[PDB]
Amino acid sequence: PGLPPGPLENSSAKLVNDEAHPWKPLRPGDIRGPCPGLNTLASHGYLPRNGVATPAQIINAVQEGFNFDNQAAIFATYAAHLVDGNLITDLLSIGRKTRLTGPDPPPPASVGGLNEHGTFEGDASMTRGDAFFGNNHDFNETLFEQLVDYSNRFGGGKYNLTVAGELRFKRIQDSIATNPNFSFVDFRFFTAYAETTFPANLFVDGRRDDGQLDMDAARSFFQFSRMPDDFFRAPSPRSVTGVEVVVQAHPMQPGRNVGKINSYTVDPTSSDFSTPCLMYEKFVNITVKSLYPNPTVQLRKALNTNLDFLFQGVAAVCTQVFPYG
């Protein structure tokens, strides 16, 4: 494993849809997944265009192409790699499971790519459906039209944090009413709120950086993995700034439906925004450990290295935990 890249030496706004990074359509076999950010980076060649990359490639791409901040890039990338990537080959698919990540570790590890439900990906996504409905990764036109509708009703036609606050809650209520397996606890509880800020913070041209995303740009990223022509990245590093506005609109407790629709039951063992270090500890002690309960020597070494890297991204002042000693 390579060391996590450091922050950008020069984090100014600049043209990122440039001659060295043209958009190209998918070739047969090219993988795209539930993340429009990574999808766009792959479709512009900031990441390998086949959608399989190393963690260091992913961190460099999100920083260079979008100005995602270093700590957020490290946390998200190593969390995804630990639960969805191949720790021996250092490869992660940004979408479906593929033999391109190499020989698989033993069960119960899945190495299922970012499409794997319940590890990183989860319910109440904005433009992707819940896994229970058949497809947790492809762009959904009905769901995007609802994002456009909420942008028209709360953002004057643009997506901003006010729209994020309303749409986030709508998608939660929709999942409670229709997905008997809806889960909204721990890691997904955090990412569901965080990801609603990214279109306002990172898909808005950095020469404006006004938090107002137009629907042409929104469709370009969410559906076609394509930067607008002449797109300038954000003018400074960021990730979740403004997530407080989304939470404040409709504060929620972590929980899940319990096998039936309209059965949302709070989980008092879940972490929440008052316990960010618990989210990290449960991710390592329960999610990662459940995939790798008794690893052999080479896997244990790779796990420990990637867990050290994950810890570098932990933003709360937290204590590191060591599931393999």
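Position 1 is the first residue in the sequence shown; the rest follow in order.
- Once the C-alpha B-factors are averaged per stretch, 105 to 113 and 80 to 88 rank with 105 to 113 first.
- For the pair 96 to 104 and 135 to 143, the mean B factor over Cα atoms is greater in 96 to 104.
- Residue set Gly37, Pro55, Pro34, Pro276: peak C-alpha B-factor at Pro276 (per PDB entry).
- The PDB entry assigns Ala42 a C-alpha temperature factor belonging to the lowest third of its chain's modelled residues.
- Among the modelled residues of its chain, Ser236 has a C-alpha B-factor that falls in the highest third, as given in the PDB entry.
- When the CA B factors of the chain's modelled residues are split into thirds, the value for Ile286 lands in the highest one.
- Residue-level temperature factors show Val62 in the lowest third of its chain, judged at the C-alpha atom.
- When the modelled residues of the chain are ordered by C-alpha B-factor, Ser263 sits in the middle third.
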